[PDB]
Every structure is written in structure tokens, then in C-alpha cells.
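Chains as they are written, first to last, in the UniProt record's numbering: chain Y, 5 to 291; chain A, 301 to 321, 328 to 350; chain G, 283 to 376.
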Amino acid sequence: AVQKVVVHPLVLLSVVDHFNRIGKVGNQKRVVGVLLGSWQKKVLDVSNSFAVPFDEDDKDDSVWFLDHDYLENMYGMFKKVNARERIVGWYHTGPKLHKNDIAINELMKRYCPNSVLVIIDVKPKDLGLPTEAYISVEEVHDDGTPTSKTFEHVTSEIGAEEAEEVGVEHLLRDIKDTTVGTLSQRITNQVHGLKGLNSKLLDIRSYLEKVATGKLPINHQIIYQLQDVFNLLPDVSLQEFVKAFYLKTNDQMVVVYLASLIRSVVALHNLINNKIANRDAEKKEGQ
Amino acid sequence: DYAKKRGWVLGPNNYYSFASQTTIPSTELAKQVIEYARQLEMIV
Amino acid sequence: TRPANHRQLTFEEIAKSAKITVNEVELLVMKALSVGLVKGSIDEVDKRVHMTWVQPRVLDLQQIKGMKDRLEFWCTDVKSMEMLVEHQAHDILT
């Protein structure tokens, strides 16, 4: 159970560039490649990658040409180039997951006992990261149908040690927007988080509407989860929560008030100093 | 008749009733703190 | 059935529900909690059982629609409030 996975900027940009290749080459709408990283502890570090000639037909969905021979050739080839790199997963440039994915993941697991799939969204977004991490786990459907091979989500994020940081932030600085303004940045974080939550609930509402209209079958599990969420919603007008809220907000405002005093006093000191210095200077020019 | 003078309620026993006797002000407090940040932040 | 707002229950209420003397209503809820059908606590002075959570339950289409209504109200709240903050911080934003 690989709880945590960290992708790296190099693999991200490489996937982007390869997808751009394929876009120029033809119209495939999705692309696949292999992901190399050192599975340090139960936390994977997907730290390099390379594409694999892949294809499929829009209709059958059982047709594709993932080249395992090519795969092995260059897995060994990159092993030769560097040693601490033995396959850990595979990436695909699919805006959404596909059925093909389970079979492809089994194929890759043939090489990696615990392989990790990742979806990289070359198409942009504004809510979360451009990556998603999935693992082919099998769970028993407590009721009804037998167990099936289904993908499962794992905590995926992004990092770089120092060198990738230098390169990425350099290119950013070249073409970017304002850096961390502390207050500004973290308020922007608040608003961005609100936007993401809103988009997610838009999505869940849309699905619920589809089900209510009957465009898809009722999934008692998804229901269970939804009413769990609602059951988990809190109560604010509890008359204890509110008293505590006011009390601690009072403490927060007290500290902010004193800090404001600090700011005001220092600014006033600065004003006194500047005024007296300027007066003495102009007196000098007078004499 | 003076019960014309709003007659209070006369309670149960003509007690003339009596002297008659939450909601986190979230939005307004948010406005206040946003304003604090704004003032802290302008170049001025 | 009881909504989250006042999901508190009472011994006599259970008695009008599943037949059992108020003496053993506590035992019934006791077993319920232990098996884990629900979570919460009891207040035998008020004879009121607080219910924080119950097992997920099957739902019908009209219940789906009601949940959608609640979700819509929620999403409107979020959108309004995000817009409020964005507006009042517009000058301080990047």
C-alpha cells in the first residue's frame, strides 16, 4: 500500500513535451509511458520517465499496442545510464481514466510487483494538481458481484530537491506572476481553495442529477458516502461552539491589536526621526 | 379601560405580564479582517 | 429520519417507537451502539440520547432529490461567499 507518491518536475515536463510530440504527429488524444523512481520506504518518488509507443481504437477499447519489448530494452538502457532507477509505474495523458487502464496496469505490474499509474493532465486546470495517482487494488463487493480489479487513489503530490527547484523557478521567474506576498499569497490560497471546493461540489451535483434523471444506475456505496458526508456536516449555532468561537476570536484580535500598536509606535518614531533630521538639514542650508 | 394602554398581557392573574425580557456575524467579521489586511498591504 | 439539526431522541420517543419499557430503552441503544450501528451518547437525567452518526442507509429517488436540494443550497452558499471575499480583497489580490 503505497500511501504517498511524489512526482517530479522533470517527469512532468517530459510528459508534457511528449504529449506535444504526439499532438503534432497525429491526433491520439492520449499517450502512455513508463515511470522510473526509487521506492524509498512506503513513499514512492517518481523521478524520471520515458514514453512508450502506444495506441488504441476509439471504438473497441480492447485494442492497443503497448510495446513490452521496447519497454524492456530502454528500461535496461536507462538502468545502464543510471542504477538507482527501476520501474515503479506508468503515466498516461488522459483527461480522464479509461477502461484500457486496468489491463495496461496489469501488464506493467508484470514488471513492477507494485506498479503505480498516474494521470497527467496536459490540459490545464485551476483547482488542484495536474497529476493523479492510482493503484490497481482488488476489493470485495460486500454484496452482490464478486471482487473486481479497480483503481484506487493515493496521496499524490509534487516535489524537487534543489536542482530541479533552481531550474523550474528560473524558468518561472522568466515567465510567471508575483511570488509569495505572505498575506496576499495565503489569501489567494484561501480563495483558490474555495474555488476548488465549489468546482468539486458542482461535479458531485452534476452526477447526482444524472442519477436522479436515471442516466446511470444507483450506487448504494456512493450514496452511503454522500449521506456520511452530510451526517458529518457540523452545527454552528450550537451555543457552545459559538461561545468558544467568540472567546478565541477575542484572543486573536487582542494579539493583532497589540501588534498594531507595535507597528504604529515604530512608524511614529520613524516620523519623528525624519522630521527632525529634515529640519536640521534645511537649517544647515539656511546657514 | 386603561388596558387600552396596551394592557400588557394581564398575565394569568392580572399580573400585567412583566418587563418583556448566537448567529456568528461571520460575513461582517470577514469584511473587517479583510479590511485589516488591505490596510496592512497597500503601499501607502 | 430525524435531521441533523435536532437528531436528539428521547426514551419515551423510542417507546412510542419500538415497543420497550423506558427501563430497557437504554439497554437497546446500548447494544445498538456497541455493535456500532450508530455513534453518540446518552443523558439519563434528560432521558435524551444524542446521536452523532448512524450507519449509511439505502436511499430512494426522492431522497436523492432532497439531498440534491441540500447540495444546491450548499453550493450557492460557497459561491456567494467566495465572490464576497474575492470582491472585498480585489485590490489586495495579485
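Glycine included, each C-beta is placed from N, C-alpha and C at the ideal position.
Output needed in chain order: residues of the region 127-152 of chain Y with a Cβ under 8 angstroms from some Cβ in chain G. none
Assigned exposure category for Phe-245(Y) - 16 Cβ within 10 Å defines buried: Along the first sequence, one-based indexing puts residue 245(Y) at 241. By the 10 Å Cβ count, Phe-245(Y) comes out exposed.
How long is the line joining the alpha carbons of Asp-64(Y) and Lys-103(Y), rounded to whole angstroms? Taking the first sequence and counting its residues from 1, one reaches residue 64(Y) at position 60. Taking the first sequence and counting its residues from 1, one reaches residue 103(Y) at position 99. Approximately 11 angstroms, taken between the alpha carbons.
Between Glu-326(G) and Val-360(G), what straight-line distance do the alpha-carbon atoms span, to the nearest angstrom? On the third sequence, residue 326(G) is found 44 positions in, with the first residue counted as 1. On the third sequence, residue 360(G) is found 78 positions in, with the first residue counted as 1. Distance between the alpha carbons of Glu-326(G) and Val-360(G): 39 angstroms.
To which residues does DSSP link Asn-52(Y) through a beta bridge? Counted from its first residue, the first sequence places residue 52(Y) at position 48. DSSP lists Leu-40(Y) as the beta-bridge partner residues of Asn-52(Y).
With distances taken from CA atoms, which of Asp-373(G), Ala-297(G), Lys-347(G), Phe-293(G) is nearest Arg-209(Y)? Walking along the first sequence from the start, residue 209(Y) turns up at place 205. Proximity to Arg-209(Y) across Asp-373(G), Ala-297(G), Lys-347(G), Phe-293(G) peaks at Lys-347(G), based on C-alpha coordinates.
Hey, does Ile-340(A) have any beta-carbon neighbour from chain G nearer than 8 angstroms? Residue 340(A) sits at position 34 when you count from the first residue of the second sequence. Yes - at least one Cβ of chain G is within 8 angstroms of the one on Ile-340(A).
Please state if the CB of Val-126(Y) and the CB of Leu-39(Y) are separated by a distance shorter than 8 angstroms. Here residue 39(Y) refers to the residue found at position 35 of the first sequence. Here residue 126(Y) refers to the residue found at position 122 of the first sequence. Against a cut-off of 8 angstroms, the Cβ pair of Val-126(Y) and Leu-39(Y) comes out as no contact.
In three-state terms, what does DSSP make of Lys-279(Y)? Looking up residue 279(Y) in the first sequence gives position 275. Helix, per DSSP.
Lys-8(Y) - partner residues in DSSP beta bridges: Within the first sequence, numbered from 1, the residue matching residue 8(Y) stands at position 4. Bridge partners of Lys-8(Y): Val-47(Y), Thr-159(Y).
Tell me, which residues are paired with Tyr-138(Y) by DSSP? Position 134 of the first sequence, counted from the first residue, corresponds to residue 138(Y). According to DSSP, which records beta bridges pairwise, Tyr-138(Y) is partnered with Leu-121(Y), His-157(Y).
Counting along the chain, where does the beta strand (DSSP E) carrying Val-92(Y) start and finish? Translated into the one-based positions of the first sequence, residue 92(Y) becomes position 88. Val-92(Y) -> beta strand (DSSP E) spans 90-96.
Applying the criterion that 16 or more other CB atoms from any shown protein chain within 10 Å of the CB defines a buried residue, is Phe-293(G) buried or exposed? The count along the third sequence starts at 1 and reaches residue 293(G) at position 11. Per the 10 Å Cβ criterion, buried.
Got a sec, what are the start and stop residues for the beta strand (DSSP E) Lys-180(Y) sits in? Within the first sequence, the letter at position 176 stands for residue 180(Y). Neither: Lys-180(Y) is in no beta strand (DSSP E) and is coded neither H nor E.
Can you tell which of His-372(G), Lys-350(G), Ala-371(G), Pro-338(G) has its C-alpha closest to the C-alpha of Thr-283(G)? Here residue 283(G) refers to the residue found at position 1 when the third sequence is read from its first residue. Nearest of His-372(G), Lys-350(G), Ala-371(G), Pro-338(G) to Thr-283(G), Cα basis: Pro-338(G).
Are the CB atoms of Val-35(Y) and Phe-54(Y) nearer to each other than 8 angstroms? Translated into positions along the first sequence, residue 35(Y) becomes position 31. Translated into positions along the first sequence, residue 54(Y) becomes position 50. The answer is no: Cβ separation not under 8 angstroms.
Name, in chain order, the residues that DSSP records as bridge partners for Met-333(G). Here residue 333(G) refers to the residue found at position 51 of the third sequence. Under DSSP, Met-333(G) forms a beta bridge with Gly-322(G).
Is DSSP giving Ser-152(Y) helix, strand or coil here? Here residue 152(Y) corresponds to residue number 148 of the first sequence, with the count starting at 1. The answer is strand: DSSP assigns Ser-152(Y) an E or B state.
Does any residue of chain G have a CB that is nearer than 8 angstroms to the CB of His-224(Y)? Taking the first sequence and counting its residues from 1, the one referred to as residue 224(Y) is at position 220. At least one chain G Cβ lies under 8 angstroms of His-224(Y).
Touch test, the region 153-161 of chain Y against the region 95-113 of chain Y, Cβ-Cβ under 8 angstroms, three pairs minimum: With a cut-off of 8 angstroms, the region 95-113 of chain Y and the region 153-161 of chain Y count as touching, because enough Cβ pairs lie within range.
Cutoff 7 angstroms; reference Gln-321(A); Cβ partners in own chain excluding five residues on either side: On the second sequence, residue 321(A) is found 21 positions in, with the first residue counted as 1. Closer than 7 angstroms at Cβ, skipping near neighbours: no residue.
If you measure between the beta carbons of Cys-357(G) and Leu-206(Y), is that distance less than 8 angstroms? Mapped onto the third sequence, residue 357(G) falls at position 75. Mapped onto the first sequence, residue 206(Y) falls at position 202. Closer than 8 angstroms, so yes.
Under 8 angstroms, do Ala-297(G) and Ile-191(Y) count as touching if we go by C-beta distance? Position 15 of the third sequence, counted from the first residue, corresponds to residue 297(G). Position 187 of the first sequence, counted from the first residue, corresponds to residue 191(Y). Result no, Cβ atoms of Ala-297(G) and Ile-191(Y) do not sit closer than 8 angstroms.
From which residue to which residue does the alpha helix (DSSP H) around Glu-76(Y) run? Along the first sequence, one-based indexing puts residue 76(Y) at 72. First-last of the alpha helix (DSSP H) with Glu-76(Y): 72-85.
So, under 8 angstroms CB-CB, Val-195(Y) and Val-307(G) are touching, yes? Tell me the CB distance rounded to an integer number of Å. Looking up residue 195(Y) in the first sequence gives position 191. Looking up residue 307(G) in the third sequence gives position 25. Incorrect: roughly 49 angstroms between the Cβ atoms, too far for contact.
Whole-number beta carbon distance between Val-19(Y) and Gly-37(Y), since they are thought to touch under 8 angstroms: Stepping through the first sequence from its first residue, residue 37(Y) is reached at position 33. Stepping through the first sequence from its first residue, residue 19(Y) is reached at position 15. Rounded, the Cβ-Cβ distance is 7 angstroms, consistent with contact.
Whole angstroms is fine: what's the gap from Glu-89(Y)'s alpha carbon to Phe-82(Y)'s? Position 85 of the first sequence, counted from the first residue, corresponds to residue 89(Y). Position 78 of the first sequence, counted from the first residue, corresponds to residue 82(Y). The alpha-carbon atoms of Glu-89(Y) and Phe-82(Y) are separated by roughly 8 angstroms.
Could you confirm whether any beta carbon from chain A is found closer than 8 angstroms to the beta carbon of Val-360(G)? Against the third sequence, residue 360(G) aligns to sequence position 78. No - not a single Cβ of chain A is within 8 angstroms of the one on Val-360(G).
Distance, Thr-97(Y) Cα to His-22(Y) Cα: As a first step, residue 22(Y) is located in the first sequence; it is residue number 18 there, counting from the start. As a first step, residue 97(Y) is located in the first sequence; it is residue number 93 there, counting from the start. Roughly 10 angstroms between the two C-alpha positions.
Is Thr-333(A) helix, strand or coil by DSSP? Residue mapping note: residue 333(A) aligns to position 27 of the second sequence, counting from 1. Residue state, collapsed to three classes: helix.
Distance cutoff 8 angstroms, beta carbons only. Does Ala-286(G) sit that close to anything in chain A? For the purposes of this step, residue 286(G) is taken as residue 4 along the third sequence, with counting starting at 1. Interface annotation, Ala-286(G): not in contact with chain A, CB-CB separation never under 8 angstroms.
Under DSSP, the alpha helix (DSSP H) around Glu-213(Y) begins and ends at which residues? By one-based count along the first sequence, residue 213(Y) stands at place 209. Element bounds for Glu-213(Y): 187-217.
Nearest to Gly-93(Y) (by Cα), restricted to the options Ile-276(Y), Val-10(Y), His-145(Y), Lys-84(Y): Here residue 93(Y) refers to the residue found at position 89 when the first sequence is read from its first residue. Taking only the C-alpha atoms, the option nearest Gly-93(Y) is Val-10(Y).
Where the alpha helix (DSSP H) through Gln-225(Y) begins and ends: The count along the first sequence starts at 1 and reaches residue 225(Y) at position 221. Element bounds for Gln-225(Y): 224-236.
Could you please tell me which residues of the region 316-340 of chain G, in chain order, have their CB closer than 9 angstroms to any CB of chain Y? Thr-334, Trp-335, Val-336, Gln-337, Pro-338, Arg-339, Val-340
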